[PDB]
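Just the one chain here, the form deposited in one PDB entry, laid out as structure tokens.
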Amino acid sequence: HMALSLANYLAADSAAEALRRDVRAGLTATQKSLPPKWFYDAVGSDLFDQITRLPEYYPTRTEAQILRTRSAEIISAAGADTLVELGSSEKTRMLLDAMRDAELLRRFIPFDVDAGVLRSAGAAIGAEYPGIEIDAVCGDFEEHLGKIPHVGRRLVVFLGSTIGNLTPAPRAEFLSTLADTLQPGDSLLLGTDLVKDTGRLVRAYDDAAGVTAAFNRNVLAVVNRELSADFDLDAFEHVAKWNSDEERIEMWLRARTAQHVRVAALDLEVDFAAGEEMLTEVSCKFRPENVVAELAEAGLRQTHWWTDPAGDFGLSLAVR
């Protein structure tokens, strides 16, 4: 039902400030870009949820299968009574069920950008696990990790390879910051999508049904609405690329003809040449050996490594 603690560090004026800043900088760069965090308004979050069920998008179900078959082992290794989830599901329940089965579950700490979603989880989870304490935190995981409570022995999970949506420099910064908040008896469960057949990688971000394309183009709808811009969404083509040098998927939006875009709120006018491409997201893919090193660099020791038989996806347990 309604039992909940919820702390909110996301102000609408701060969000507006950041978007203006991001869009001005991104659209005036010789190589245009937009940060992917702006994908996730209500519509875009819905579209991502649909992406997780696409035939081509293996990551969610691959990760879920690993959690499904190793839930007990993960929870036994963590020895936690508190689950901290950065980014909010079926995956969630597997972990919580295992903690409950082990008679360890005391507390659930969801960390997400949408307070509404957090409130819904508080009710659902509160109902599913009677007596559980729920302390929700509305924040962005790049700035408010220090606001996460430290009560209990905490299993901090960052699933879905969302860590791959940060380029190396901010990624290392995030991991270090996160590691610094862990006490003895705390653990990090990190999901990393792994280097694999490049055809499979591109198809996962360029599905036949055009759902990912809609997800990508929606960032233009967000800008149109929030900054009073006039992007013609239909004029932009969805492009997914494998960058072999950086070993990352990239999502681009390509102007199929010359476009003139006015962003009224920024007193800004911007031009796209025919065939000009704008970078909207990276999805970095990892090699198993490099996951160990990136954790070590952040001050975390990898104590467990779970991966599906095909080696498509990896889950790390790590501690200070």
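All residue numbers are counted from 1 along the displayed sequence. The term rigid core refers to the most C-alpha atoms you can superpose between the two forms while keeping them within 1.5 Å. Only residues modelled in both forms are compared.
The same protein also has a form deposited in another entry, omitted here; what follows describes it.
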*Hey, after the core superposition between this form and the one not shown, which of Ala214, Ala123, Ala72, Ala235 has the C-alpha moving 2 angstroms or more?*
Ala123
_Once the core is superposed between this form and the one not shown, does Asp114 show a C-alpha displacement of at least 2 Å?_
yes
*Go ahead and list the segments of at least 3 residues in a row whose C-alphas all shift 2 Å or more between this form and the one not shown, with the rigid core as the reference fit.*
113-123
